[PDB]
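Content type PDB, C-alpha atoms (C1' of nucleotides), from the file data-v5.pdb:
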ATOM      1  CA  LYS A   1     -74.534  72.144   8.247
ATOM      2  CA  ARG A   2     -74.110  73.424  11.821
ATOM      3  CA  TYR A   3     -77.905  73.207  12.196
ATOM      4  CA  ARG A   4     -78.008  71.659  15.710
ATOM      5  CA  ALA A   5     -78.186  73.313  19.176
ATOM      6  CA  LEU A   6     -80.379  75.957  17.517
ATOM      7  CA  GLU A   7     -82.953  73.884  15.588
ATOM      8  CA  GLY A   8     -83.210  71.335  18.404
ATOM      9  CA  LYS A   9     -84.489  74.021  20.783
ATOM     10  CA  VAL A  10     -87.041  74.815  18.069
ATOM     11  CA  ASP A  11     -90.395  73.214  17.239
ATOM     12  CA  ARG A  12     -92.544  74.626  14.383
ATOM     13  CA  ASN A  13     -95.494  73.081  16.233
ATOM     14  CA  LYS A  14     -95.580  75.332  19.328
ATOM     15  CA  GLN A  15     -95.738  79.078  20.038
ATOM     16  CA  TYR A  16     -93.402  81.785  21.392
ATOM     17  CA  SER A  17     -95.271  85.069  21.974
ATOM     18  CA  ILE A  18     -94.047  88.571  22.976
ATOM     19  CA  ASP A  19     -92.474  87.865  26.415
ATOM     20  CA  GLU A  20     -91.059  84.380  25.650
ATOM     21  CA  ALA A  21     -89.704  84.660  22.089
ATOM     22  CA  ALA A  22     -87.720  87.915  22.486
ATOM     23  CA  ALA A  23     -85.643  86.078  25.127
ATOM     24  CA  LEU A  24     -85.200  82.986  22.926
ATOM     25  CA  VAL A  25     -84.535  85.002  19.732
ATOM     26  CA  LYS A  26     -81.055  86.399  20.434
ATOM     27  CA  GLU A  27     -80.277  82.718  21.059
ATOM     28  CA  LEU A  28     -81.456  81.545  17.628
ATOM     29  CA  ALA A  29     -78.644  83.551  16.112
ATOM     30  CA  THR A  30     -75.405  82.051  17.448
ATOM     31  CA  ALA A  31     -73.522  82.511  14.150
ATOM     32  CA  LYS A  32     -70.653  85.028  13.957
ATOM     33  CA  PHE A  33     -70.975  88.811  14.519
ATOM     34  CA  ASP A  34     -74.129  90.712  15.542
ATOM     35  CA  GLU A  35     -77.449  88.957  14.923
ATOM     36  CA  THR A  36     -80.800  90.704  14.343
ATOM     37  CA  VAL A  37     -84.047  88.708  13.983
ATOM     38  CA  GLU A  38     -86.977  89.485  11.639
ATOM     39  CA  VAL A  39     -90.675  89.743  12.512
ATOM     40  CA  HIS A  40     -93.017  88.501   9.741
ATOM     41  CA  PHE A  41     -96.624  89.425   8.871
ATOM     42  CA  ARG A  42     -99.029  88.631   5.983
ATOM     43  CA  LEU A  43    -101.038  91.248   4.063
ATOM     44  CA  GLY A  44    -102.744  88.496   2.069
ATOM     45  CA  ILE A  45    -105.882  90.572   1.572
ATOM     46  CA  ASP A  46    -106.021  90.865  -2.192
ATOM     47  CA  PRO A  47    -102.356  91.397  -3.231
ATOM     48  CA  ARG A  48    -102.930  91.929  -6.995
ATOM     49  CA  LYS A  49    -104.767  95.275  -6.670
ATOM     50  CA  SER A  50    -103.306  98.794  -6.453
ATOM     51  CA  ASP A  51    -105.657  99.546  -3.537
ATOM     52  CA  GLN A  52    -103.952  96.963  -1.292
ATOM     53  CA  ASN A  53    -100.351  98.234  -1.411
ATOM     54  CA  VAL A  54     -99.206  99.865   1.859
ATOM     55  CA  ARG A  55     -97.731 103.317   1.143
ATOM     56  CA  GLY A  56     -97.130 104.683   4.661
ATOM     57  CA  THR A  57     -94.256 105.081   7.124
ATOM     58  CA  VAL A  58     -93.029 103.481  10.381
ATOM     59  CA  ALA A  59     -91.174 105.211  13.244
ATOM     60  CA  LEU A  60     -88.946 103.042  15.491
ATOM     61  CA  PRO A  61     -89.120 104.092  19.187
ATOM     62  CA  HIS A  62     -85.556 104.196  20.564
ATOM     63  CA  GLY A  63     -82.349 104.329  18.554
ATOM     64  CA  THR A  64     -81.311 101.593  16.144
ATOM     65  CA  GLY A  65     -77.713 100.583  15.390
ATOM     66  CA  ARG A  66     -77.417 103.212  12.642
ATOM     67  CA  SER A  67     -77.656 106.995  12.167
ATOM     68  CA  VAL A  68     -79.967 109.326  10.187
ATOM     69  CA  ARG A  69     -80.402 110.003   6.434
ATOM     70  CA  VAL A  70     -82.037 113.260   5.216
ATOM     71  CA  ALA A  71     -80.423 114.912   2.142
ATOM     72  CA  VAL A  72     -81.458 118.504   2.930
ATOM     73  CA  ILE A  73     -81.480 121.243   0.247
ATOM     74  CA  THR A  74     -81.562 124.596   2.100
ATOM     75  CA  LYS A  75     -80.164 128.191   2.223
ATOM     76  CA  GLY A  76     -79.635 130.780   4.981
ATOM     77  CA  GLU A  77     -80.606 130.250   8.631
ATOM     78  CA  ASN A  78     -81.598 126.738   7.525
ATOM     79  CA  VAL A  79     -77.973 125.668   6.948
ATOM     80  CA  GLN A  80     -76.887 125.998  10.615
ATOM     81  CA  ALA A  81     -79.982 124.034  11.697
ATOM     82  CA  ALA A  82     -79.426 120.827   9.673
ATOM     83  CA  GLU A  83     -75.605 120.682   9.725
ATOM     84  CA  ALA A  84     -75.200 121.407  13.451
ATOM     85  CA  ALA A  85     -77.641 118.626  14.436
ATOM     86  CA  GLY A  86     -77.238 115.267  12.652
ATOM     87  CA  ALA A  87     -78.803 115.046   9.173
ATOM     88  CA  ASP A  88     -76.890 114.043   5.992
ATOM     89  CA  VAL A  89     -75.098 115.806   3.083
ATOM     90  CA  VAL A  90     -76.497 119.253   3.918
ATOM     91  CA  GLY A  91     -75.704 122.514   2.137
ATOM     92  CA  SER A  92     -77.451 124.637  -0.490
ATOM     93  CA  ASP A  93     -78.964 124.182  -3.973
ATOM     94  CA  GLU A  94     -75.632 122.599  -4.914
ATOM     95  CA  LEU A  95     -77.441 119.450  -3.718
ATOM     96  CA  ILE A  96     -79.280 119.456  -7.075
ATOM     97  CA  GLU A  97     -75.866 118.621  -8.564
ATOM     98  CA  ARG A  98     -75.461 116.060  -5.740
ATOM     99  CA  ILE A  99     -78.851 114.445  -6.517
ATOM    100  CA  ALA A 100     -78.759 114.510 -10.356
ATOM    101  CA  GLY A 101     -75.120 113.739 -11.137
ATOM    102  CA  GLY A 102     -75.457 110.148  -9.975
ATOM    103  CA  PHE A 103     -75.897 109.765  -6.200
ATOM    104  CA  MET A 104     -79.455 108.856  -5.158
ATOM    105  CA  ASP A 105     -78.809 106.537  -2.213
ATOM    106  CA  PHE A 106     -80.169 109.241   0.094
ATOM    107  CA  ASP A 107     -83.619 109.202   1.684
ATOM    108  CA  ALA A 108     -85.894 112.184   2.375
ATOM    109  CA  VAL A 109     -84.388 114.724  -0.020
ATOM    110  CA  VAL A 110     -85.488 117.682   2.162
ATOM    111  CA  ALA A 111     -86.043 121.307   1.126
ATOM    112  CA  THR A 112     -86.773 124.889   2.198
ATOM    113  CA  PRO A 113     -90.316 126.391   2.105
ATOM    114  CA  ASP A 114     -89.709 128.919  -0.746
ATOM    115  CA  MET A 115     -87.274 126.492  -2.407
ATOM    116  CA  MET A 116     -89.456 123.477  -3.254
ATOM    117  CA  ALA A 117     -89.407 124.999  -6.747
ATOM    118  CA  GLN A 118     -85.750 123.912  -6.985
ATOM    119  CA  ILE A 119     -86.689 120.261  -6.402
ATOM    120  CA  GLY A 120     -89.720 120.890  -8.629
ATOM    121  CA  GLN A 121     -88.518 122.683 -11.796
ATOM    122  CA  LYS A 122     -85.237 120.822 -12.486
ATOM    123  CA  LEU A 123     -85.514 117.514 -10.607
ATOM    124  CA  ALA A 124     -89.128 116.856 -11.629
ATOM    125  CA  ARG A 125     -87.806 115.266 -14.802
ATOM    126  CA  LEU A 126     -85.474 113.292 -12.535
ATOM    127  CA  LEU A 127     -86.651 113.087  -8.876
ATOM    128  CA  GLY A 128     -90.271 113.421 -10.072
ATOM    129  CA  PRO A 129     -91.037 109.670 -10.373
ATOM    130  CA  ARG A 130     -89.286 108.817  -7.082
ATOM    131  CA  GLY A 131     -91.959 109.788  -4.559
ATOM    132  CA  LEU A 132     -89.086 110.431  -2.157
ATOM    133  CA  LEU A 133     -89.676 114.199  -1.999
ATOM    134  CA  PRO A 134     -90.936 116.613   0.713
ATOM    135  CA  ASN A 135     -94.721 116.983   0.275
ATOM    136  CA  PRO A 136     -96.902 119.567   2.119
ATOM    137  CA  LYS A 137     -98.766 116.647   3.802
ATOM    138  CA  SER A 138     -96.153 113.869   3.996
ATOM    139  CA  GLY A 139     -93.468 114.189   6.657
ATOM    140  CA  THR A 140     -91.084 117.107   6.187
ATOM    141  CA  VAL A 141     -92.494 120.341   4.696
ATOM    142  CA  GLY A 142     -92.233 123.948   5.865
ATOM    143  CA  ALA A 143     -89.832 124.829   8.685
ATOM    144  CA  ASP A 144     -90.246 121.462  10.432
ATOM    145  CA  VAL A 145     -86.830 120.106   9.399
ATOM    146  CA  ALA A 146     -85.603 119.508  12.971
ATOM    147  CA  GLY A 147     -88.482 117.830  14.838
ATOM    148  CA  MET A 148     -90.247 115.857  12.096
ATOM    149  CA  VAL A 149     -86.878 114.917  10.623
ATOM    150  CA  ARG A 150     -86.966 113.458  14.148
ATOM    151  CA  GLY A 151     -89.460 111.112  12.496
ATOM    152  CA  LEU A 152     -86.615 110.208  10.145
ATOM    153  CA  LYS A 153     -84.353 110.286  13.247
ATOM    154  CA  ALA A 154     -86.525 108.798  16.007
ATOM    155  CA  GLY A 155     -87.650 106.151  13.520
ATOM    156  CA  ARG A 156     -86.019 104.099  10.756
ATOM    157  CA  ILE A 157     -88.577 105.128   8.125
ATOM    158  CA  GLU A 158     -88.883 103.006   4.920
ATOM    159  CA  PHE A 159     -92.121 101.999   3.102
ATOM    160  CA  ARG A 160     -92.675  98.942   0.814
ATOM    161  CA  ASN A 161     -95.219  96.272  -0.257
ATOM    162  CA  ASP A 162     -95.311  93.231  -2.616
ATOM    163  CA  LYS A 163     -97.422  90.974  -4.909
ATOM    164  CA  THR A 164     -97.504  87.484  -3.285
ATOM    165  CA  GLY A 165     -98.458  88.004   0.358
ATOM    166  CA  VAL A 166     -95.352  88.454   2.520
ATOM    167  CA  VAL A 167     -94.734  91.605   4.604
ATOM    168  CA  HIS A 168     -92.100  91.736   7.357
ATOM    169  CA  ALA A 169     -90.854  94.960   8.953
ATOM    170  CA  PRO A 170     -87.751  94.375  11.140
ATOM    171  CA  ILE A 171     -87.108  95.360  14.784
ATOM    172  CA  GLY A 172     -83.695  96.998  14.278
ATOM    173  CA  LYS A 173     -80.899  95.207  16.144
ATOM    174  CA  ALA A 174     -80.636  92.500  18.815
ATOM    175  CA  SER A 175     -78.194  94.834  20.589
ATOM    176  CA  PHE A 176     -80.865  95.391  23.240
ATOM    177  CA  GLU A 177     -82.795  93.234  25.748
ATOM    178  CA  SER A 178     -85.949  91.056  25.738
ATOM    179  CA  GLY A 179     -88.080  94.056  26.674
ATOM    180  CA  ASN A 180     -86.637  95.904  23.673
ATOM    181  CA  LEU A 181     -86.795  93.089  21.091
ATOM    182  CA  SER A 182     -90.499  93.311  21.895
ATOM    183  CA  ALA A 183     -90.490  97.099  22.419
ATOM    184  CA  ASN A 184     -89.211  97.452  18.863
ATOM    185  CA  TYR A 185     -91.687  94.660  18.021
ATOM    186  CA  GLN A 186     -94.136  97.026  19.748
ATOM    187  CA  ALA A 187     -93.635  99.275  16.704
ATOM    188  CA  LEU A 188     -94.351  96.564  14.109
ATOM    189  CA  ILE A 189     -97.901  95.662  15.105
ATOM    190  CA  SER A 190     -97.968  99.370  16.052
ATOM    191  CA  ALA A 191     -97.203 100.598  12.510
ATOM    192  CA  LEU A 192     -98.247  97.806  10.095
ATOM    193  CA  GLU A 193    -101.842  96.823  10.981
ATOM    194  CA  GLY A 194    -103.238 100.199   9.955
ATOM    195  CA  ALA A 195    -103.511  99.072   6.327
ATOM    196  CA  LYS A 196    -107.213  98.811   5.424
ATOM    197  CA  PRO A 197    -107.919 101.391   2.652
ATOM    198  CA  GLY A 198    -111.369 100.626   1.186
ATOM    199  CA  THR A 199    -111.743  96.893   0.483
ATOM    200  CA  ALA A 200    -110.660  93.989   2.712
ATOM    201  CA  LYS A 201    -111.160  90.316   3.625
ATOM    202  CA  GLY A 202    -111.900  88.286   6.752
ATOM    203  CA  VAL A 203    -109.331  88.063   9.569
ATOM    204  CA  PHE A 204    -106.015  89.856   8.945
ATOM    205  CA  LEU A 205    -103.673  88.410  11.596
ATOM    206  CA  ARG A 206    -103.364  84.731  10.585
ATOM    207  CA  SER A 207    -100.142  83.783  12.439
ATOM    208  CA  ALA A 208     -96.423  84.781  12.652
ATOM    209  CA  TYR A 209     -92.978  83.239  11.845
ATOM    210  CA  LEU A 210     -89.257  84.246  12.121
ATOM    211  CA  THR A 211     -85.840  84.708  10.406
ATOM    212  CA  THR A 212     -82.114  85.113  11.298
ATOM    213  CA  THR A 213     -78.639  84.338   9.832
ATOM    214  CA  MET A 214     -79.378  80.678  10.553
ATOM    215  CA  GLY A 215     -83.145  80.608  11.107
ATOM    216  CA  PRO A 216     -85.360  78.983  12.011
ATOM    217  CA  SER A 217     -89.014  79.500  13.022
ATOM    218  CA  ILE A 218     -91.028  79.271  16.295
ATOM    219  CA  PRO A 219     -94.550  80.539  15.370
ATOM    220  CA  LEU A 220     -95.184  83.815  17.271
ATOM    221  CA  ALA A 221     -98.657  83.700  18.830
ATOM    222  CA  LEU A 222    -101.095  86.614  18.741
ATOM    223  CA  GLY A 223    -103.275  87.922  21.591
ATOM    224  CA  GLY A 224    -102.961  89.627  24.970
TER
ATOM    225  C1'   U X   1    -110.093  57.039 -14.299
ATOM    226  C1'   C X   2    -111.834  62.038 -12.759
ATOM    227  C1'   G X   3    -112.663  65.973  -7.926
ATOM    228  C1'   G X   4    -109.991  69.001  -4.765
ATOM    229  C1'   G X   5    -107.590  70.034  -0.425
ATOM    230  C1'   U X   6    -103.758  69.297   2.879
ATOM    231  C1'   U X   7     -98.205  67.985   3.841
ATOM    232  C1'   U X   8     -93.249  66.652   2.278
ATOM    233  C1'   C X   9     -89.921  66.456  -1.983
ATOM    234  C1'   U X  10     -89.398  70.003  -6.503
ATOM    235  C1'   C X  11     -89.178  75.175 -10.512
ATOM    236  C1'   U X  12     -90.508  78.445 -14.213
ATOM    237  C1'   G X  13     -91.191  84.673 -12.901
ATOM    238  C1'   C X  14     -86.847  89.484 -20.361
ATOM    239  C1'   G X  15     -93.177  95.802 -20.664
ATOM    240  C1'   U X  16     -87.773  99.490 -18.096
ATOM    241  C1'   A X  17     -81.396 100.154 -17.799
ATOM    242  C1'   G X  18     -78.441  96.216 -16.472
ATOM    243  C1'   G X  19     -72.241  91.776 -20.243
ATOM    244  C1'   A X  20     -74.989  87.342 -18.762
ATOM    245  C1'   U X  21     -84.263  85.631 -15.594
ATOM    246  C1'   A X  22     -82.218  90.410  -9.252
ATOM    247  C1'   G X  23     -87.420  86.797  -5.976
ATOM    248  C1'   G X  24     -88.070  89.353  -1.106
ATOM    249  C1'   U X  25     -86.363  91.795   3.885
ATOM    250  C1'   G X  26     -82.298  91.406   7.804
ATOM    251  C1'   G X  27     -76.608  89.469  10.029
ATOM    252  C1'   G X  28     -74.726  93.290   3.549
ATOM    253  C1'   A X  29     -68.330  91.227   3.413
ATOM    254  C1'   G X  30     -67.128  85.940   4.942
ATOM    255  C1'   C X  31     -67.015  81.153   5.887
ATOM    256  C1'   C X  32     -68.496  77.465   2.909
ATOM    257  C1'   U X  33     -65.619  69.538   2.905
ATOM    258  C1'   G X  34     -73.700  67.841   5.550
ATOM    259  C1'   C X  35     -80.719  68.692   0.565
ATOM    260  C1'   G X  36     -80.096  70.678  -9.113
ATOM    261  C1'   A X  37     -74.525  78.286 -11.270
ATOM    262  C1'   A X  38     -69.885  78.755 -17.318
ATOM    263  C1'   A X  39     -71.824  76.810 -22.788
ATOM    264  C1'   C X  40     -69.410  73.078 -28.880
ATOM    265  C1'   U X  41     -74.129  69.308 -31.417
ATOM    266  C1'   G X  42     -80.646  66.295 -35.116
ATOM    267  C1'   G X  43     -83.785  69.451 -26.507
ATOM    268  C1'   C X  44     -87.912  69.268 -23.490
ATOM    269  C1'   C X  45     -90.434  72.368 -18.938
ATOM    270  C1'   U X  46     -91.152  79.056 -20.993
ATOM    271  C1'   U X  47     -92.589  78.998 -27.531
ATOM    272  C1'   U X  48     -86.224  76.716 -33.068
ATOM    273  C1'   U X  49     -82.649  85.775 -30.092
ATOM    274  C1'   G X  50     -78.946  84.730 -25.799
ATOM    275  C1'   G X  51     -79.816  82.496 -20.270
ATOM    276  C1'   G X  52     -80.497  76.968 -14.098
ATOM    277  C1'   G X  53     -81.557  71.142 -14.827
ATOM    278  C1'   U X  54     -79.195  68.375 -19.874
ATOM    279  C1'   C X  55     -78.528  61.618 -22.173
ATOM    280  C1'   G X  56     -72.856  61.055 -24.148
ATOM    281  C1'   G X  57     -67.487  61.832 -26.567
ATOM    282  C1'   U X  58     -65.000  66.456 -25.253
ATOM    283  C1'   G X  59     -62.079  66.757 -19.084
ATOM    284  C1'   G X  60     -57.513  74.420 -16.114
ATOM    285  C1'   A X  61     -60.737  72.352  -9.468
ATOM    286  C1'   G X  62     -61.185  76.895  -5.028
ATOM    287  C1'   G X  63     -64.864  81.193  -4.914
ATOM    288  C1'   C X  64     -67.808  85.087  -5.403
ATOM    289  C1'   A X  65     -71.289  89.499  -4.280
ATOM    290  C1'   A X  66     -69.138  94.054  -5.394
ATOM    291  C1'   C X  67     -66.517 100.053  -5.327
ATOM    292  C1'   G X  68     -67.813 100.401 -10.750
ATOM    293  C1'   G X  69     -71.855  98.953 -13.376
ATOM    294  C1'   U X  70     -77.106 100.781 -11.147
ATOM    295  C1'   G X  71     -82.905 101.203 -10.511
ATOM    296  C1'   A X  72     -88.310 104.264  -5.321
ATOM    297  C1'   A X  73     -84.992  98.525  -4.860
ATOM    298  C1'   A X  74     -79.537  94.879  -7.899
ATOM    299  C1'   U X  75     -77.121  90.737  -9.616
ATOM    300  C1'   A X  76     -73.394  85.624  -4.197
ATOM    301  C1'   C X  77     -72.999  83.555   1.790
ATOM    302  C1'   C X  78     -78.327  81.672   6.362
ATOM    303  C1'   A X  79     -83.481  81.874   5.848
ATOM    304  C1'   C X  80     -89.597  83.478   5.818
TER
END

Kindly present the structure from the file in structure tokens form.
Amino acid sequence: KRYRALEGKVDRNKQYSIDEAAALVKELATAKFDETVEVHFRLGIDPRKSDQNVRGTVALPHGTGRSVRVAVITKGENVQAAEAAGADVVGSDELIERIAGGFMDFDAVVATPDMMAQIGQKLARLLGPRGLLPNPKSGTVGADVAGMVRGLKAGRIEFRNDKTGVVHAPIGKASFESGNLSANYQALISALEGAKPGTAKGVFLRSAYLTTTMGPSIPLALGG
RNA sequence: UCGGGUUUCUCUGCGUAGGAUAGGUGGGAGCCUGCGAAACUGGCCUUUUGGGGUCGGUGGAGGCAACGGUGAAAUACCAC
């Protein structure tokens, strides 16, 4: 079991907001190693339509407890600008062979301006149906693979949505403070309640709950 | 007896590849001795291709997820 001294401090009948929960959230965690805590939401608009699936990014403020993933595919004076910085598996068009021979655990498979045709003529029968490619309106097109890859650097990207009514983007790590468990939670209601395409319902924010490596749940209030 | 809601206790969920229904994000590798995992024979909830729970004879007690296998995402340990 080992449920006590962590569920006892918890009542699913009260509320712990933005400046009271983030200081009683690293608590609700006393398990083994490091212990991050989730932050739940509910896009329960009309979840069985293809015009209520969130297909947009999030950009965490500070630095998480990770690094950066951007599988660049460049050539020339674009090789010493993505290898001498902090990207991932950077080189030339050899990356086609590194993203077609069985290794697609990468993220933004970047490219060069004149060399989108390399990701478009060979890996359009492969990478085509991934939607993980550099578009001229998405995030990383042109010669902005240094400062808008700093949107894949200065922000753990990711983008997903489901079919029941549960949506919960995480904060990052509890390796911070209580003004940084709610300053990374100031990038969750600052990057997930911009999801109203064309049809909606009444009242989006219904409540809020929690999650760790041993729970439980003190309902996060919503307001000022 | 019919109406529905709430709340607790309970489970289905193979259009695709995956040995074997993966149901989601984080702590994604450890503790678990404090709340429904193997598949022989006249089974129901899913409907006589295989798959959790089986009434009874039959009676090796420690383990797995995984690297691999593999999809925009994987099959277990705590949970919304």

task = Fewer than 6 positions away in the same chain doesn't count, so skip those; otherwise give me all residues within 12 Å of residue 20 in chain X, counting only C-alpha atoms (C1' of nucleotides), as a ChimeraX atom specification.
result = /X:37-39,50-51,75

request  = Kindly determine which residues of chain A lie within 7 Å of chain X, considering only C-alpha atoms (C1' of nucleotides), and give the answer as a count of residues only.
outcome  = 17

message = As an exercise, work out the distance from CA of residue 63 in chain A to CA of residue 153 in chain A in Å and give it to one decimal place.
response = 8.2 Å

message = List the spatial neighbours of residue 133 in chain A as a PyMOL selection string - criterion: any atom at most 12 Å away, all atoms listed in the file, same-chain residues fewer than 3 positions off excluded.
response = (chain A and resi 70-73+99+104+106-112+116-120+123-124+126-130+136-141) or (chain X and resi 72)

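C1' of residue 36 in chain X is positioned 18.0 Å from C1' of residue 23 in chain X.
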
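CA of residue 64 in chain A is found 24.3 Å from CA of residue 218 in chain A.
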
ask   = Excluding same-chain residues fewer than 5 positions from residue 76 in chain X, what lies within 10 Å of it counting only C-alpha atoms (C1' of nucleotides), as a list in words?
value = residues 63, 64, 65 and 66 of chain X

Please save C-alpha atoms (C1' of nucleotides) of the selected residues as a PDB file, in the coordinates of the input.
ATOM      1  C1'   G X  63     -64.864  81.193  -4.914  1.00  0.00           C
ATOM      2  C1'   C X  64     -67.808  85.087  -5.403  1.00  0.00           C
ATOM      3  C1'   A X  65     -71.289  89.499  -4.280  1.00  0.00           C
ATOM      4  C1'   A X  66     -69.138  94.054  -5.394  1.00  0.00           C
TER       5        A X  66
END

Grab all the atoms of range 47-59 of chain A that the file lists, wrap them in a box along x, y and z, add 3 Å per side, and give me centre plus edge lengths in Å (one decimal) as JSON.
{"center_x": -98.4, "center_y": 98.3, "center_z": 3.1, "size_x": 20.5, "size_y": 19.8, "size_z": 26.2}

Given the PyMOL selection byres ((chain A and resi 83-92) around 7) and the file above, list the residues it selects as an mmCIF file with C-alpha atoms, in the frame of the given file.
data_model
loop_
_atom_site.group_PDB
_atom_site.id
_atom_site.type_symbol
_atom_site.label_atom_id
_atom_site.label_comp_id
_atom_site.auth_asym_id
_atom_site.auth_seq_id
_atom_site.Cartn_x
_atom_site.Cartn_y
_atom_site.Cartn_z
ATOM 1 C CA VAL A 68 -79.967 109.326 10.187
ATOM 2 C CA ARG A 69 -80.402 110.003 6.434
ATOM 3 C CA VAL A 70 -82.037 113.260 5.216
ATOM 4 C CA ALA A 71 -80.423 114.912 2.142
ATOM 5 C CA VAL A 72 -81.458 118.504 2.930
ATOM 6 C CA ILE A 73 -81.480 121.243 0.247
ATOM 7 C CA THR A 74 -81.562 124.596 2.100
ATOM 8 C CA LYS A 75 -80.164 128.191 2.223
ATOM 9 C CA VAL A 79 -77.973 125.668 6.948
ATOM 10 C CA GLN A 80 -76.887 125.998 10.615
ATOM 11 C CA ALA A 81 -79.982 124.034 11.697
ATOM 12 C CA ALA A 82 -79.426 120.827 9.673
ATOM 13 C CA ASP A 93 -78.964 124.182 -3.973
ATOM 14 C CA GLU A 94 -75.632 122.599 -4.914
ATOM 15 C CA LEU A 95 -77.441 119.450 -3.718
#

query = Got a sec to resolve the PyMOL selection byres ((chain A and resi 222) around 9) on this structure and send the residues as number ranges by chain?
reply = A: 17-18, 205-208, 220-221, 223-224

Closest atom pairs, range 22-58 of chain A residues within 12 Å of range 173-185 of chain A, all atoms listed in the file, as CSV:
residue,atom,partner,partner_atom,distance
A:22,CA,A:178,CA,4.9
A:23,CA,A:178,CA,5.0
A:24,CA,A:178,CA,8.6
A:25,CA,A:174,CA,8.5
A:26,CA,A:174,CA,6.3
A:27,CA,A:174,CA,10.0
A:28,CA,A:174,CA,11.0
A:29,CA,A:174,CA,9.6
A:30,CA,A:174,CA,11.8
A:33,CA,A:175,CA,11.2
A:34,CA,A:174,CA,7.5
A:35,CA,A:174,CA,6.2
A:36,CA,A:174,CA,4.8
A:37,CA,A:174,CA,7.0
A:38,CA,A:185,CA,9.5
A:39,CA,A:185,CA,7.5
A:40,CA,A:185,CA,10.4
A:41,CA,A:185,CA,11.6
A:58,CA,A:184,CA,11.1

ask   = Quick one: of A:203, A:191, A:10, A:45, who's nearest to residue 219 in chain A, counting all atoms listed in the file?
value = A:10

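Taken over the whole file, the PyMOL selection byres ((chain A and resi 154) around 10) covers exactly residues 59, 60, 61, 62, 63, 64, 67, 68, 147, 148, 149, 150, 151, 152, 153, 155, 156 and 157 of chain A.
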